[PDB]
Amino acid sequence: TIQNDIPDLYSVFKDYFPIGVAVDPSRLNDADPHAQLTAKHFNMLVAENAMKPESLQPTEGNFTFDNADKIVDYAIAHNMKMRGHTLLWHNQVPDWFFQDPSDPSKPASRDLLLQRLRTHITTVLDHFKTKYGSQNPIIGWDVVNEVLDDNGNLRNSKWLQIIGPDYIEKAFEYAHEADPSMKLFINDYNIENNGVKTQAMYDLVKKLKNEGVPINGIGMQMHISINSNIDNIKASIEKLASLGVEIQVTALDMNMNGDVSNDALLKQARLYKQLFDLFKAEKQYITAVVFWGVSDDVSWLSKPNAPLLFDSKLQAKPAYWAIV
């Protein structure tokens, strides 16, 4: 059971930015404590998995929007905005995209893969626009996810192998053409560490924006750890923000490296407080902060862990109280 009388988390940040959360469609019923926690504390929602490519077009032409729509219906019912995650990735994407349909032992051509990407993006954005219209809660999409490798080069996924480096620009062009009302993001992890990947994200967005690619924002996943350096996060935000794009913290959680002791929870609270003070300080750039999961028991990190503000019993942790 949840604590009904403690402060609604997002309300603490109303003069700064929406606070959202990634959810599973099976945790949205009124009587479910995870759904109670979701509606109480967040004013923004993201599908943890239901809007990924395999979740929306498992086989060619066979679109499966029921789970995504269940999440959108819930967001509408609770007056929450949404982020769309994600139109292109190298995981949770079906193999059929990359196969020649007459000979599945061979790869699709550059033109066929680009056409498939255009059809997927356009169908996905047109589905939400035609079904929900002005009530569509989605304000933007992660158009491409994790396109850099950890050395800062372009990740050599099947998209890069078949099409070449301009597949990124093309995804943005297709999404902008389908729905020019959506803010378009490039999303990635490790770009908060102020290392080679941060520099590479800055370089790639600088280049694509100067070429007229309609990129509106950079999504910083923020899968940080109990040992993360706040100074590196602040320097990454400043560097990426200098491009004149919005910054959203899209998938925040904290890896405890197996240490879930009471001492570690107190260290986690001090670090989360510093992190949120930094986000507030950078409110002129940051337009959303989203946690990657509702509570520790449903976090995607392997066990043992304690990554979020609500524990495995759905209770507020020391980090919740430090932030509010």
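Heads up: residue numbers just count along the shown sequence, starting at 1.
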Between 12 to 20 and 302 to 310, point out the one with the higher average CA B-factor as the PDB entry records it.
12 to 20
Entry B factor averaged over C-alpha atoms, 158 to 166 against 67 to 75: higher for 67 to 75
Could you say which of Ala108, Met80, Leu184, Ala200 has its CA atom at the highest B factor, as listed in the PDB entry?
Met80
Between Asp126, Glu192, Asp188, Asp231, which one tops the list for Cα B-factor in this entry?
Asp231
Chain thirds by Cα B factor, record data; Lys52 belongs to the lowest
Based on the deposited C-alpha B factors for this chain, I'd like to know if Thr59 is in the lowest, middle or highest third.
lowest
Please say which third, lowest, middle or highest, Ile215 falls into when its CA temperature factor is compared across its chain.
middle
Can you work out whether the C-alpha temperature factor of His85 puts it in the lowest, middle or highest third of the chain?
lowest
Can you work out whether the C-alpha temperature factor of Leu112 puts it in the lowest, middle or highest third of the chain?
lowest
